[PDB]
Amino acid sequence: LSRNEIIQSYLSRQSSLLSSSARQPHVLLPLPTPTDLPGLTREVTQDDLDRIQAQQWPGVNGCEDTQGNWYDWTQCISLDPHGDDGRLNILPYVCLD
Amino acid sequence: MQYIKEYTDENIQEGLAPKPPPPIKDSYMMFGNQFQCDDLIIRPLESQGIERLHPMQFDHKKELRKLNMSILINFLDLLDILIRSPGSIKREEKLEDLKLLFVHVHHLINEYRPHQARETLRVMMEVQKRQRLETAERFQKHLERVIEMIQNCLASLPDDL
Amino acid sequence: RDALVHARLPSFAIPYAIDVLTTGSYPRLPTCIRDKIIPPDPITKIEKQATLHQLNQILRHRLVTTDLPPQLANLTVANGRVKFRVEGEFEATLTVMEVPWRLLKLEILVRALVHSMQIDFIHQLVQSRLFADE
Amino acid sequence: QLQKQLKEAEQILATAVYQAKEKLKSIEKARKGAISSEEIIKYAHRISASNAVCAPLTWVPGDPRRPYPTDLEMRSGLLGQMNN
Amino acid sequence: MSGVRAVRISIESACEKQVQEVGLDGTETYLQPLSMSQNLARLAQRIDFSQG
Amino acid sequence: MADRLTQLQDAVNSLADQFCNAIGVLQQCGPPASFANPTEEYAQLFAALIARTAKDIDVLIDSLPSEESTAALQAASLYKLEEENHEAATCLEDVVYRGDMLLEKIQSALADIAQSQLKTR
Amino acid sequence: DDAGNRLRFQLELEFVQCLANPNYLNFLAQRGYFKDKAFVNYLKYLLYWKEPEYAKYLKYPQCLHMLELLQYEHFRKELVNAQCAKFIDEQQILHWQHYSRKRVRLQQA
């Protein structure tokens with residue numbers, strides 16, 4: 001934060017893009033009531049999986065959005081969840097790296 | 001790529017002269033320089049002992065992002081204050097307190113939370129096998145093609161005239 | 001800016017447990033170096049017996065796929081080879097290396113005692129006839 | 001005609017059975033083979049000192065991450081000086 | 001977590017992706033198909049008891 | 001990555017330093033006055049990347065995993081899933097074995113027929 | 001018996017895991033480090049020492065690969081080039097985590 005240049009700015013931008021990452025509608029997935037800890041104190045069953053995979057619930061699979069934005073547990077759909085105009089093949093909802 | 005004299009002396013033998021086989025360590029041991037520490041701490045406490053970046057809203061990640069934004073705003077305010085009133089000498093002391101927050105930052109944003117979700121994905125792993133079983137179901141459908149071969153048997157009856 | 005990443009805590013080292021903990025080799029790695037350095041291993045396992053059974057089945061199929069065995073009215077099903085016939089004159093031999101096969105090498109088995117040991121010219125002509133594949 | 005039909009059917013069934021056997025061998029290698037939790041925990045506890053088995057941020061295939069702990073600690077360390 | 005759980009998961013590894021070209025940011029390619037019929041044919045082509 | 005180990009403080013400090021450098025290049029040193037394309041492109045790229053990264057981080061934090069997937073719960077779920085996958089694999093293997101036995105019987109009958117046809121000629 | 005659990009185990013789990021992998025083994029095998037017959041026999045008789053519990057501070061990894069190179073004469077005579085061995089080790093060590101790098105690269109563009 002003391003000495004900054006064009007190379008330093010490029011390195012900071014690359015580090016930020018590596019660490020943190022026309023409609024671009026962000027699906028504001030709200031805390032689902034069907035969980036396991038402070039949810040319904042129940043184990044993982046077919047009901048919770050079907051509610052998180054078909055309905056808009058970010059329990060296990062993920063809360064699907066409009067415009068065919070199917071966000072399942074391992075669905076790498078080409079959506080536009082980012083803040084840019086690139087609707088490329090985004091990673092899965094889990095994105096386990 | 002080296003010559004370990006102890007292991008070579010303990011391994012070079014023909015018959016029962018050699019020592020026991022090299023097994024794995026499931027408990028505390030004194031294997032050379034490595035301490036062989038078992039049960040490494042991974043899950044730390046949030047509100048018990050240090051400051052908690054996760055509110056009671058059950059959203060730890062969103063609360064942590066809000067806390068990071070607030071920390072950035074407070075850093076900007078402290079920089080503006082130092083530019084306006086530079087007589088503060090205890091501000092750096094707060095950085096030491098950040099060390100405590102650094103403990104929480106030890107699980108801040110990068111590469112530790114998804115593993116927990118991977119637990120659920122573990123079940124999905126077997127589901128992936130079920131997907132393969134789905135392809136294996138096609139093999140069962142291949143049995144239906146055997147009936148087609150049975151039709152060839154009928155074709156063996158019609159070709160005889 | 002620095003101590004958050006340089007002096008942080010790494011992951012559980014899942015990569016080594018996923019790559020090397022399976023077997024003491026380089027499965028999750030490039031096998032090109034070991035192939036260019038070390039040659040293949042002996043494939044004469046029970047897999048070789050399975051391949052021999054598959055070759056025998058392919059030969060049983062080619063027996064009906066090829067011409068009739070009326071040549072000399074004598075033949076046999078050689079396991080992994082081509083046994084021509086019997087009775088010395090049309091003596092069988094070893095002819096080995098879908099995809100129909102062809103006789104590679106022959107052997108004549110019918111005076112002095114030491115008759116002959118070189119089939120060189122005859123073997124070359126047999127190979128030429130096999131490569132003709134008419 | 002019956003022999004050709006049976007041969008084609010047997011070839012199809014053999015291809016199906018070969019695919020099934022390959023899938024079964026893959027499933028067996030996936031199920032019977034697993035990683036030890038204690039071993040990974042010990043590797044993480046003993047690897048968090050140097051860059052030996054730790055995954056960096058810009059760690060792609062062929063990146064600066066290597067299997068050795070350090071250059072002086074392995075080539076010129078106890079293996080090169082004490083153990084030669 | 002801990003890189004492994006105390007359960008029997010089913011995850012098959014694709015070790016066919018032998019690194020042969022130095023690509024950008026890794027991204028290996030699995031090329032070996034491992035066809036059982038093709039593998040048997042290749043094995044019998046060279047290892048079929050040629051001597052006896 | 002939807003994980004949380006060591007990126008928050010680093011990303012925040014990097015964004016603060018980038019904003020400070022942008023403000024400096026905009027107000028202190030530059031072709032504003034005297035009392036180019038590369039710097040402007042770098043500043044625009046940095047601002048766009050910071051905005052997109054903040055939006056994506058907020059979205060991933062809202063969509064991150066909840067307190068679910070506990071120890072015993074995940075253990076029991078993985079055990080049940082492994083049992084189900086093993087049962088499915090056993091059924092598929094039995095079906096494949098039946099099919100392979102049928103194919104082997106057909107091949108044996110065909111080989112016997114071919115041997116009889118060759119012996120009859 | 002008694003001394004084996006404190007001498008062999010102390011020199012086995014920390015022997016064949018991490019340190020002297022093929023990154024710098026091309027220059028260590030051509031000059032001569034374990035090319036001897038007795039050392040090769042000892043390494044072959046002690047090939048079960050590559051446990052993952054101590055996969056960070058070892059003596060010399062890849063015991064089976066070293067045995068195969070010594071059997072096929074691929075360590076002391078062949079593969080003595082440093083560039084090929086270094087590239088192989090670099091593509092072998094950071095390969096199990098290249099999935100995260102590929103995912104980040106795909107999410108970037």
# chains A, B, ... in the order shown; residues from 1 in each chain; ligands from 1
call {"tool": "residues_around", "arguments": {"residues": "residue G:72", "least_positions_apart": "2", "cutoff": "8 Å", "atoms": "only C-alpha atoms", "output": "MDAnalysis selection string"}}
result
(chainID C and resid 37:39) or (chainID G and resid 68:70 74)
call {"tool": "write_last_selection", "arguments": {"atoms": "N, CA and C atoms", "output": "CSV table (one decimal), in the first residue's frame"}}
result
chain,number,residue,atom,x,y,z
C,37,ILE,N,11.0,-44.3,-20.2
C,37,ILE,CA,12.1,-44.9,-19.5
C,37,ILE,C,12.0,-46.4,-19.3
C,38,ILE,N,10.9,-46.8,-18.6
C,38,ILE,CA,10.6,-48.2,-18.4
C,38,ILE,C,9.8,-48.8,-19.5
C,39,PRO,N,10.1,-50.0,-19.9
C,39,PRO,CA,9.3,-50.7,-21.0
C,39,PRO,C,8.1,-51.3,-20.4
G,68,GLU,N,12.1,-49.8,-10.5
G,68,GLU,CA,11.9,-50.1,-11.9
G,68,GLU,C,12.9,-49.4,-12.7
G,69,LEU,N,13.4,-48.2,-12.4
G,69,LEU,CA,14.5,-47.6,-13.1
G,69,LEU,C,15.8,-48.3,-12.9
G,70,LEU,N,16.0,-48.8,-11.7
G,70,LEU,CA,17.3,-49.6,-11.5
G,70,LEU,C,17.2,-50.9,-12.2
G,74,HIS,N,17.2,-47.3,-16.0
G,74,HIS,CA,16.6,-46.0,-16.4
G,74,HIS,C,17.0,-44.9,-15.5
call {"tool": "interface_residues", "arguments": {"of": "chain G", "to": "chain E", "cutoff": "12 Å", "atoms": "only C-alpha atoms", "output": "PDB file with C-alpha atoms, in the first residue's frame"}}
result
ATOM      1  CA  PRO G  52       0.624 -40.529   3.355  1.00  0.00           C
ATOM      2  CA  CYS G  84      12.625 -33.837 -18.370  1.00  0.00           C
ATOM      3  CA  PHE G  87       8.986 -31.175 -15.795  1.00  0.00           C
ATOM      4  CA  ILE G  88       7.685 -34.647 -14.908  1.00  0.00           C
ATOM      5  CA  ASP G  89       7.875 -33.910 -11.179  1.00  0.00           C
ATOM      6  CA  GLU G  90       6.234 -30.501 -11.641  1.00  0.00           C
ATOM      7  CA  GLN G  91       3.365 -32.039 -13.619  1.00  0.00           C
ATOM      8  CA  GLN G  92       3.107 -34.886 -11.083  1.00  0.00           C
ATOM      9  CA  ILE G  93       3.106 -32.926  -7.811  1.00  0.00           C
ATOM     10  CA  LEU G  94       0.546 -30.210  -8.632  1.00  0.00           C
ATOM     11  CA  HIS G  95      -1.717 -32.447 -10.755  1.00  0.00           C
ATOM     12  CA  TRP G  96      -4.321 -33.496  -8.168  1.00  0.00           C
ATOM     13  CA  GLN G  97      -5.135 -29.818  -7.476  1.00  0.00           C
ATOM     14  CA  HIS G  98      -5.119 -28.585 -11.090  1.00  0.00           C
ATOM     15  CA  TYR G  99      -8.910 -28.961 -11.086  1.00  0.00           C
ATOM     16  CA  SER G 100      -9.252 -25.815  -8.965  1.00  0.00           C
ATOM     17  CA  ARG G 101      -6.974 -23.871 -11.317  1.00  0.00           C
ATOM     18  CA  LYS G 102      -8.954 -25.046 -14.350  1.00  0.00           C
ATOM     19  CA  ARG G 103     -12.240 -24.102 -12.667  1.00  0.00           C
ATOM     20  CA  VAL G 104     -10.901 -20.648 -11.785  1.00  0.00           C
ATOM     21  CA  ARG G 105      -9.646 -20.147 -15.348  1.00  0.00           C
ATOM     22  CA  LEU G 106     -13.014 -21.192 -16.787  1.00  0.00           C
TER      23      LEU G 106
END
call {"tool": "interface_residues", "arguments": {"of": "chain B", "to": "chain C", "cutoff": "8 Å", "atoms": "only C-alpha atoms", "output": "list in words"}}
result
residues 102, 105, 106, 111 and 112 of chain B
call {"tool": "residues_around", "arguments": {"residues": "stretch 31-34 of chain A", "least_positions_apart": "4", "cutoff": "8 Å", "atoms": "only C-alpha atoms", "output": "number ranges by chain"}}
result
A: 39-40, 48, 57-59; B: 58-59; F: 66
call {"tool": "interface_residues", "arguments": {"of": "chain A", "to": "chain G", "cutoff": "9 Å", "atoms": "only C-alpha atoms", "output": "list in words"}}
result
residues 17, 18, 21, 86, 88, 89, 90, 91, 95, 96 and 97 of chain A
call {"tool": "interface_residues", "arguments": {"of": "chain F", "to": "chain C", "cutoff": "8 Å", "atoms": "only C-alpha atoms", "output": "number ranges by chain"}}
result
F: 5-7, 9-14, 111, 114, 118, 121
call {"tool": "interface_residues", "arguments": {"of": "chain F", "to": "chain B", "cutoff": "8 Å", "atoms": "only C-alpha atoms", "output": "PDB file with N, CA and C atoms, in the first residue's frame"}}
result
ATOM      1  N   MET F   1     -15.104 -19.893  -5.146  1.00  0.00           N
ATOM      2  CA  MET F   1     -14.802 -21.247  -4.697  1.00  0.00           C
ATOM      3  C   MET F   1     -15.803 -21.713  -3.646  1.00  0.00           C
ATOM      4  N   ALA F   2     -16.592 -20.767  -3.131  1.00  0.00           N
ATOM      5  CA  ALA F   2     -17.620 -21.034  -2.124  1.00  0.00           C
ATOM      6  C   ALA F   2     -17.034 -21.647  -0.854  1.00  0.00           C
ATOM      7  N   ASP F   3     -15.740 -21.452  -0.629  1.00  0.00           N
ATOM      8  CA  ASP F   3     -15.054 -21.898   0.575  1.00  0.00           C
ATOM      9  C   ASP F   3     -14.635 -20.677   1.389  1.00  0.00           C
ATOM     10  N   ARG F   4     -14.013 -20.919   2.547  1.00  0.00           N
ATOM     11  CA  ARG F   4     -13.611 -19.803   3.408  1.00  0.00           C
ATOM     12  C   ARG F   4     -12.393 -20.213   4.239  1.00  0.00           C
ATOM     13  N   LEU F   5     -11.194 -19.933   3.718  1.00  0.00           N
ATOM     14  CA  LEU F   5      -9.977 -20.080   4.514  1.00  0.00           C
ATOM     15  C   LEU F   5      -9.200 -18.780   4.685  1.00  0.00           C
ATOM     16  N   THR F   6      -8.713 -18.152   3.599  1.00  0.00           N
ATOM     17  CA  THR F   6      -7.731 -17.083   3.781  1.00  0.00           C
ATOM     18  C   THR F   6      -7.827 -15.956   2.751  1.00  0.00           C
ATOM     19  N   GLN F   7      -9.010 -15.673   2.207  1.00  0.00           N
ATOM     20  CA  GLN F   7      -9.073 -14.705   1.115  1.00  0.00           C
ATOM     21  C   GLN F   7      -9.655 -13.352   1.510  1.00  0.00           C
ATOM     22  N   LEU F   8     -10.343 -13.256   2.650  1.00  0.00           N
ATOM     23  CA  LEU F   8     -11.106 -12.048   2.956  1.00  0.00           C
ATOM     24  C   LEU F   8     -10.190 -10.851   3.188  1.00  0.00           C
ATOM     25  N   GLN F   9      -9.262 -10.973   4.140  1.00  0.00           N
ATOM     26  CA  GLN F   9      -8.388  -9.851   4.468  1.00  0.00           C
ATOM     27  C   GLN F   9      -7.493  -9.484   3.291  1.00  0.00           C
ATOM     28  N   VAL F  12      -9.609  -7.671   0.686  1.00  0.00           N
ATOM     29  CA  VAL F  12      -9.992  -6.345   1.161  1.00  0.00           C
ATOM     30  C   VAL F  12      -8.813  -5.385   1.078  1.00  0.00           C
ATOM     31  N   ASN F  13      -7.632  -5.832   1.514  1.00  0.00           N
ATOM     32  CA  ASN F  13      -6.452  -4.976   1.453  1.00  0.00           C
ATOM     33  C   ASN F  13      -6.064  -4.672   0.012  1.00  0.00           C
ATOM     34  N   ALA F  16      -8.504  -2.084  -1.294  1.00  0.00           N
ATOM     35  CA  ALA F  16      -8.203  -0.775  -0.721  1.00  0.00           C
ATOM     36  C   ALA F  16      -6.978  -0.154  -1.380  1.00  0.00           C
ATOM     37  N   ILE F  57     -18.543 -12.323  -4.920  1.00  0.00           N
ATOM     38  CA  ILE F  57     -18.288 -12.742  -3.547  1.00  0.00           C
ATOM     39  C   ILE F  57     -19.559 -12.648  -2.716  1.00  0.00           C
ATOM     40  N   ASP F  58     -20.324 -11.565  -2.882  1.00  0.00           N
ATOM     41  CA  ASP F  58     -21.590 -11.447  -2.165  1.00  0.00           C
ATOM     42  C   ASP F  58     -22.564 -12.543  -2.585  1.00  0.00           C
ATOM     43  N   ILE F  61     -21.434 -15.807  -1.075  1.00  0.00           N
ATOM     44  CA  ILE F  61     -21.667 -15.814   0.364  1.00  0.00           C
ATOM     45  C   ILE F  61     -23.140 -16.041   0.666  1.00  0.00           C
ATOM     46  N   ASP F  62     -24.032 -15.452  -0.131  1.00  0.00           N
ATOM     47  CA  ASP F  62     -25.457 -15.704   0.055  1.00  0.00           C
ATOM     48  C   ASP F  62     -25.816 -17.137  -0.323  1.00  0.00           C
ATOM     49  N   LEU F  64     -23.623 -19.737  -0.217  1.00  0.00           N
ATOM     50  CA  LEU F  64     -22.689 -20.678   0.376  1.00  0.00           C
ATOM     51  C   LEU F  64     -23.440 -21.754   1.155  1.00  0.00           C
ATOM     52  N   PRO F  65     -22.731 -22.771   1.642  1.00  0.00           N
ATOM     53  CA  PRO F  65     -23.405 -23.843   2.388  1.00  0.00           C
ATOM     54  C   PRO F  65     -23.791 -23.378   3.785  1.00  0.00           C
ATOM     55  N   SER F  66     -24.961 -23.820   4.237  1.00  0.00           N
ATOM     56  CA  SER F  66     -25.456 -23.484   5.565  1.00  0.00           C
ATOM     57  C   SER F  66     -24.806 -24.405   6.598  1.00  0.00           C
ATOM     58  N   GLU F  67     -25.342 -24.400   7.820  1.00  0.00           N
ATOM     59  CA  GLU F  67     -24.826 -25.238   8.897  1.00  0.00           C
ATOM     60  C   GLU F  67     -25.112 -26.722   8.694  1.00  0.00           C
ATOM     61  N   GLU F  68     -25.659 -27.115   7.546  1.00  0.00           N
ATOM     62  CA  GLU F  68     -25.959 -28.513   7.285  1.00  0.00           C
ATOM     63  C   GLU F  68     -24.670 -29.317   7.101  1.00  0.00           C
ATOM     64  N   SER F  69     -24.848 -30.607   6.804  1.00  0.00           N
ATOM     65  CA  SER F  69     -23.747 -31.550   6.608  1.00  0.00           C
ATOM     66  C   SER F  69     -22.895 -31.670   7.876  1.00  0.00           C
ATOM     67  N   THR F  70     -23.548 -32.110   8.950  1.00  0.00           N
ATOM     68  CA  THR F  70     -22.865 -32.349  10.213  1.00  0.00           C
ATOM     69  C   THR F  70     -22.038 -33.632  10.124  1.00  0.00           C
ATOM     70  N   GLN F  74     -23.693 -36.611   8.001  1.00  0.00           N
ATOM     71  CA  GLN F  74     -22.993 -36.946   6.766  1.00  0.00           C
ATOM     72  C   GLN F  74     -22.483 -38.380   6.794  1.00  0.00           C
ATOM     73  N   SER F  77     -25.528 -40.593   6.118  1.00  0.00           N
ATOM     74  CA  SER F  77     -25.971 -40.420   4.739  1.00  0.00           C
ATOM     75  C   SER F  77     -25.014 -41.095   3.765  1.00  0.00           C
ATOM     76  N   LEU F  78     -23.706 -40.958   3.996  1.00  0.00           N
ATOM     77  CA  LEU F  78     -22.728 -41.598   3.125  1.00  0.00           C
ATOM     78  C   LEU F  78     -22.789 -43.113   3.254  1.00  0.00           C
ATOM     79  N   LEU F  81     -25.883 -44.176   1.296  1.00  0.00           N
ATOM     80  CA  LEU F  81     -25.645 -44.028  -0.135  1.00  0.00           C
ATOM     81  C   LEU F  81     -24.694 -45.102  -0.648  1.00  0.00           C
ATOM     82  N   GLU F  82     -23.680 -45.453   0.145  1.00  0.00           N
ATOM     83  CA  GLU F  82     -22.766 -46.520  -0.242  1.00  0.00           C
ATOM     84  C   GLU F  82     -23.481 -47.863  -0.290  1.00  0.00           C
ATOM     85  N   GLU F  84     -26.696 -48.332  -0.898  1.00  0.00           N
ATOM     86  CA  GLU F  84     -27.570 -48.317  -2.068  1.00  0.00           C
ATOM     87  C   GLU F  84     -26.776 -48.502  -3.356  1.00  0.00           C
ATOM     88  N   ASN F  85     -25.629 -47.829  -3.470  1.00  0.00           N
ATOM     89  CA  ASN F  85     -24.796 -47.981  -4.658  1.00  0.00           C
ATOM     90  C   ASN F  85     -24.254 -49.400  -4.772  1.00  0.00           C
ATOM     91  N   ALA F  88     -27.127 -51.570  -6.035  1.00  0.00           N
ATOM     92  CA  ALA F  88     -27.328 -51.346  -7.464  1.00  0.00           C
ATOM     93  C   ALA F  88     -26.222 -51.997  -8.284  1.00  0.00           C
ATOM     94  N   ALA F  89     -24.976 -51.899  -7.814  1.00  0.00           N
ATOM     95  CA  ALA F  89     -23.862 -52.514  -8.527  1.00  0.00           C
ATOM     96  C   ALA F  89     -23.965 -54.032  -8.510  1.00  0.00           C
ATOM     97  N   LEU F  92     -26.659 -54.934 -11.072  1.00  0.00           N
ATOM     98  CA  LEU F  92     -26.136 -54.769 -12.425  1.00  0.00           C
ATOM     99  C   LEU F  92     -25.125 -55.857 -12.762  1.00  0.00           C
ATOM    100  N   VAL F  95     -27.014 -59.078 -13.492  1.00  0.00           N
ATOM    101  CA  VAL F  95     -27.614 -59.013 -14.823  1.00  0.00           C
ATOM    102  C   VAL F  95     -26.550 -59.196 -15.899  1.00  0.00           C
ATOM    103  N   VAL F  96     -25.390 -58.559 -15.723  1.00  0.00           N
ATOM    104  CA  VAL F  96     -24.321 -58.667 -16.709  1.00  0.00           C
ATOM    105  C   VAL F  96     -23.762 -60.083 -16.743  1.00  0.00           C
ATOM    106  N   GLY F  99     -26.227 -62.160 -18.696  1.00  0.00           N
ATOM    107  CA  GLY F  99     -26.070 -61.880 -20.115  1.00  0.00           C
ATOM    108  C   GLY F  99     -24.813 -62.496 -20.700  1.00  0.00           C
TER     109      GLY F  99
END
call {"tool": "atom_distance", "arguments": {"atom1": "atom CA of residue E:30", "atom2": "atom CA of residue E:16"}}
result
4.8 Å
call {"tool": "closest_residue", "arguments": {"among": "B:8, B:88, B:57, B:152", "to": "chain A", "atoms": "only C-alpha atoms"}}
result
B:57
call {"tool": "interface_residues", "arguments": {"of": "chain D", "to": "chain B", "cutoff": "12 Å", "atoms": "only C-alpha atoms", "output": "ChimeraX atom specification"}}
result
/D:1-10,12-24,26-28,30-31,36-49,54-57,74-84
call {"tool": "residues_around", "arguments": {"residues": "residue G:42", "least_positions_apart": "6", "cutoff": "10 Å", "atoms": "only C-alpha atoms", "output": "list in words"}}
result
residues 4, 5, 7, 8, 9, 10, 11, 12, 13, 14 and 18 of chain B; 34 and 36 of chain G
call {"tool": "interface_residues", "arguments": {"of": "chain E", "to": "chain B", "cutoff": "9 Å", "atoms": "only C-alpha atoms", "output": "ChimeraX atom specification"}}
result
/E:1-3,5,7,9-11
call {"tool": "closest_residue", "arguments": {"among": "F:97, F:56, F:86, F:71", "to": "chain G", "atoms": "only C-alpha atoms"}}
result
F:56
call {"tool": "interface_residues", "arguments": {"of": "chain E", "to": "chain C", "cutoff": "9 Å", "atoms": "only C-alpha atoms", "output": "number ranges by chain"}}
result
E: 1-4, 13-20, 40-41, 43-52
call {"tool": "atom_distance", "arguments": {"atom1": "atom CA of residue G:12", "atom2": "atom CA of residue D:52"}}
result
18.1 Å
call {"tool": "interface_residues", "arguments": {"of": "chain A", "to": "chain F", "cutoff": "8 Å", "atoms": "only C-alpha atoms", "output": "PyMOL selection string"}}
result
chain A and resi 1+4+6+9-10+12-13+15-17+19-21+26-31+35-38+43-44+58-60+62+81-84+94-97
call {"tool": "write_last_selection", "arguments": {"atoms": "C-alpha atoms", "output": "compact mmCIF listing (two decimals), in the first residue's frame"}}
result
# COMPACT_ATOMS: atom_id res chain seq x y z
CA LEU A 1 0.00 0.00 0.00
CA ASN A 4 2.20 1.09 -6.22
CA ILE A 6 1.22 -0.43 -13.12
CA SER A 9 -1.89 -2.68 -9.93
CA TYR A 10 -1.98 -5.58 -12.39
CA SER A 12 -3.39 -6.72 -7.26
CA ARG A 13 -6.13 -7.07 -9.88
CA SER A 15 -4.90 -11.54 -7.01
CA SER A 16 -8.38 -10.11 -6.44
CA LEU A 17 -9.79 -11.97 -9.45
CA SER A 19 -9.28 -14.88 -4.62
CA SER A 20 -12.82 -13.51 -4.94
CA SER A 21 -13.86 -15.25 -8.17
CA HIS A 26 -28.32 -12.10 -9.11
CA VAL A 27 -30.49 -14.85 -7.59
CA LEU A 28 -30.73 -13.65 -3.98
CA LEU A 29 -31.05 -17.14 -2.42
CA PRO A 30 -32.59 -16.65 1.08
CA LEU A 31 -31.71 -18.92 4.07
CA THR A 35 -31.66 -27.60 6.82
CA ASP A 36 -30.15 -29.99 9.44
CA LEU A 37 -28.61 -27.83 12.24
CA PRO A 38 -30.94 -24.82 12.88
CA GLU A 43 -31.59 -35.65 8.49
CA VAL A 44 -31.09 -35.40 4.73
CA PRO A 58 -30.26 -23.14 -1.42
CA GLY A 59 -30.31 -26.13 0.91
CA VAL A 60 -28.21 -28.73 -0.91
CA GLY A 62 -29.20 -24.50 -4.91
CA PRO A 81 -24.55 -14.69 -12.32
CA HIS A 82 -21.43 -12.52 -12.55
CA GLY A 83 -21.45 -8.74 -12.78
CA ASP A 84 -20.19 -8.77 -16.38
CA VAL A 94 -20.97 -26.08 -5.09
CA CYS A 95 -17.75 -25.04 -6.89
CA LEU A 96 -15.72 -27.35 -4.64
CA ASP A 97 -12.14 -26.38 -5.47
call {"tool": "atom_distance", "arguments": {"atom1": "atom CA of residue G:44", "atom2": "atom CA of residue G:64"}}
result
7.7 Å
call {"tool": "select_by_dssp", "arguments": {"residues": "chain G", "states": "alpha helix (DSSP H)", "output": "ChimeraX atom specification"}}
result
/G:2-7,26-30,37-45,63-71,82-93,98-108
call {"tool": "closest_residue", "arguments": {"among": "D:73, D:35, D:51, D:11", "to": "chain C", "atoms": "only C-alpha atoms"}}
result
D:35
